[PDB]
Amino acid sequence: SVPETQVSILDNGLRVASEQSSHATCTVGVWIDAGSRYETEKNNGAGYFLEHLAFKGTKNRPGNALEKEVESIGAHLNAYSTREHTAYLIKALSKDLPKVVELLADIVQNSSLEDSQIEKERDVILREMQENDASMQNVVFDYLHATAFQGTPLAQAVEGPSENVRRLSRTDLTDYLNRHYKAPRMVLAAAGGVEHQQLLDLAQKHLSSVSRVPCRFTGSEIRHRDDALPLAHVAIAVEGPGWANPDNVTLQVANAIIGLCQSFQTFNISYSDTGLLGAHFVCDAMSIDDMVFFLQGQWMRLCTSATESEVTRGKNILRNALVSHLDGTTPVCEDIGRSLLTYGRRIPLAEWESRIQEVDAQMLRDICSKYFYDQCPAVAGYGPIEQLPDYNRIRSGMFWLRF
Amino acid sequence: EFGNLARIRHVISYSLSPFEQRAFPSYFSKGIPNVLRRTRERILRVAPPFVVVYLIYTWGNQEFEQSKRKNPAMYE
């Protein structure tokens, strides 16, 4: 009984997708297939710095008058950038649907990058990075990406190195903007109280101008030892399947089974036919090795001794999860934008439920043995990590002598 | 034990998986140069004592023989 997500396509290739609902406020966003993976180490912070500059005024709406408009209807303006996708989204009322779309049009095209602003946003970005190091789990996940995807464009961070940040100019930005903002790589997603025909007419009216035009995991280890920190963050991952491979669903159930360290989180990060599947835990130094041992045992148990009850529990946790999420308008629009960018279509919740209920214990331990057993992991540690075991002990913990 | 051995700071340490790297990277490529590099930093400290051991050993042997060799002048 969930309403279907209807997708149309303009000549430009900008797929305009919408999923109407009763709620009177909507989350209209633009999703662009452009991240740090498309950068070539000479413009490693171009997407981040453009994400900073995108709200500082356009040609038609110069400066803060633009954001005065998004204050005037009381709407909320957000943007984010990952290694593969960039999103500019607005939460607003339903009756303010046209102007919001027009605002989004300016943000993607006709944007103005002021040289004055460029210096101010450089100091913002530089400073934030200079303090970003504070967030450990971000440092650990960046270290994990770097050591797992050495030599590839997937190792480099979204923010880029301070070097590039300082060394960036309007023209470079202009390039990234004019290169990675093509209309066939763009989705206009709407969720909530929107009509699809009105949104399609608004996309035809504005946004109809957008121009139309080997990933490798390396089993490795990075250890940033700094003994003055009170807690240690350790992430261990193996290679993921990618977006389009359905056993992701089964792997999600495996994560739902795992769900000793103060904080233990499992992740399945997916990129275009690659990814990182693993666990991040933050712990006191004198516990670290025991955690690792614990964690590896659970993975091998999922490779060898999965039972039906924990599989049923993981399926229930996954169902609830995906359905708990996909609740508010934003979460949904976000799903529409990512689904049109990655799968090329919006997968409905009934298909997700079918793919969940076809998962049993035998195929779960088969897929877990395919992806976890006897695999070389990527390890990233930060903090008092002397008792964190080196690569032979972790690699030996990636299998059992008793199977 | 591990964890309480020492205090270091800001020393990042990168590494690779055994199966991901060649087993004998440039083994004879640089091994020979290095072994030779090594031998030339230690040969002057090591070798001349054993050289003079060889000279003393030979000397002793020959001297001993001469010692044993009958004195021609004697017994005549």
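In the order they appear, the protein sequences are chains Z and E. The first sequence maps to residues 44 to 256, 267 to 312, 337 to 480 in UniProt numbering. Numbering-wise (UniProt numbering), the second sequence opens with residue 4 and increments by one. The beta carbon of each residue, even a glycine, is placed where N, CA and C say it ideally should be.
#1: In angstroms, rounded to a whole number, what distance separates the CA positions of E:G63 and E:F53?
#2: For Z:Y468, would you say it is in contact with chain E, using Cβ-to-Cβ distances shorter than 8 Å as the test?
#3: Use the C-beta contact count for Z:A285: other C-beta atoms within 10 angstroms, 16 or more gives buried, fewer gives exposed.
#4: Run through chain Z and tell me which residues come within less than 7 Å of E:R10, C-beta to C-beta.
#5: Compare the C-alpha of Z:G203 against each of Z:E164, Z:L354, Z:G88, Z:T407 and name the closest.
#6: Short of 8 Å in beta carbon distance, which residues of its chain neighbour Z:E112, apart from the five on each side in sequence? Order them along the chain.
#7: Closer than 8 Å, Cβ to Cβ, to anything on chain Z: give me those residues from the stretch 59 to 73 of chain E, in chain order.
#8: What span of residues does the beta strand (DSSP E) with Z:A67 cover, start to end?
#9: Along the stretch 439 to 458 of chain Z, where does the CB come closer than 7 Å to a CB of chain E? Name the residues.
#10: Counting along the chain, where does the alpha helix (DSSP H) carrying Z:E145 start and finish?
#11: List the whole-angstrom C-beta distance separating Z:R58 from Z:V71, where the pair is believed to meet the contact cut-off of C-beta under 8 Å.
#12: Starting from Z:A362, find everything on chain E with Cβ-Cβ shorter than 7 Å and list it in chain order.
#13: Between Z:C380 and Z:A307, what straight-line distance do the alpha-carbon atoms span, to the nearest angstrom?
#14: Using the beta-carbon of each residue, which ones in chain Z are nearer than 7 Å to E:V14?
#15: Is Z:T351 close to chain E, meaning its C-beta is less than 8 Å from at least one C-beta of that chain?
#16: Considering just the uninterrupted stretch of the beta strand (DSSP E) at Z:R278, what are its terminal residues?
#17: Note down, in chain order, every chain E residue with its Cβ under 9 Å from the Cβ of Z:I275.
#18: Just to confirm my understanding: we take Z:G458, look at its own chain, exclude 5 residues before and 5 after, and list those with CB closer than 6 Å. What are they?
#19: Does the separation of the CB atoms of Z:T68 and Z:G236 fall below 8 Å?
#20: Below 8 Å, can you find three or more Cβ-Cβ pairs linking the stretch 386 to 400 of chain Z to the stretch 356 to 372 of chain Z?
#21: Going along chain E, which residues have a C-beta under 8 Å from residue 335 of chain Z?
If we stick to the structure as given:
#1: Start at 1 with the first residue of the second sequence, and residue 63 of chain E comes out as number 60. Start at 1 with the first residue of the second sequence, and residue 53 of chain E comes out as number 50. Roughly 15 Å separates the two Cα atoms.
#2: Reading the first sequence from its first residue, position 391 is the one you call residue 468 of chain Z. Interface residue, yes.
#3: Numbered from 1 along the first sequence, position 232 holds the residue referred to as residue 285 of chain Z. Flag for Z:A285 reads buried.
#4: The count along the second sequence starts at 1 and reaches residue 10 of chain E at position 7. Under the 7 Å cutoff, chain Z gives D280.
#5: Here residue 203 of chain Z refers to the residue found at position 160 when the first sequence is read from its first residue. The residue with the shortest Cα to Cα distance from Z:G203 is Z:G88.
#6: On the first sequence, position 69 is the one that residue 112 of chain Z refers to. The answer, listed in chain order, is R104, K142, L146.
#7: The residues in question: there are none.
#8: If you number the first sequence from 1, residue 67 of chain Z lands on position 24. Premise fails: Z:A67 is in no beta strand (DSSP E) and is neither H nor E.
#9: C453
#10: On the first sequence, residue 145 of chain Z is found 102 positions in, with the first residue counted as 1. 140 to 151 is the span of the alpha helix (DSSP H), which, as asked, contains Z:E145.
#11: Residue 58 of chain Z sits at position 15 when you count from the first residue of the first sequence. Residue 71 of chain Z sits at position 28 when you count from the first residue of the first sequence. Not confirmed; about 14 Å, so no contact.
#12: Translated into positions along the first sequence, residue 362 of chain Z becomes position 285. Going along chain E in sequence order, the residues near Z:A362 (Cβ under 7 Å) are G6.
#13: Residue numbering aside, residue 380 of chain Z sits at position 303 when the first sequence is read from its first letter. Residue numbering aside, residue 307 of chain Z sits at position 254 when the first sequence is read from its first letter. Between Z:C380 and Z:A307, the C-alpha separation is close to 10 Å.
#14: In the second sequence, residue 14 of chain E corresponds to position 11, counting from 1. Within 7 Å Cβ-Cβ: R278.
#15: By 1-based counting over the first sequence, the position of residue 351 of chain Z is 274. Taking Cβ atoms only, chain E never reaches closer than 8 Å to Z:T351, which makes this a no.
#16: As a first step, residue 278 of chain Z must be located in the first sequence, where it is residue number 225. Segment 273 to 278, the beta strand (DSSP E) holding Z:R278.
#17: Taking the first sequence and counting its residues from 1, one reaches residue 275 of chain Z at position 222. Those within 9 Å of Z:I275 in chain E are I15, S16, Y17, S18.
#18: The residue given as residue 458 of chain Z occupies position 381 in the first sequence. Here the set comprises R276, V287, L465.
#19: For the purposes of this step, residue 68 of chain Z is identified with residue 25 of the first sequence, where counting begins at 1. For the purposes of this step, residue 236 of chain Z is identified with residue 193 of the first sequence, where counting begins at 1. Z:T68 places its beta carbon less than 8 Å from that of Z:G236.
#20: Because the criterion of three Cβ pairs below 8 Å is not met, the stretch 386 to 400 of chain Z and the stretch 356 to 372 of chain Z do not touch.
#21: Not modelled: residue 335 of chain Z, which lies between 312 and 337, the two residues flanking a gap in chain Z.
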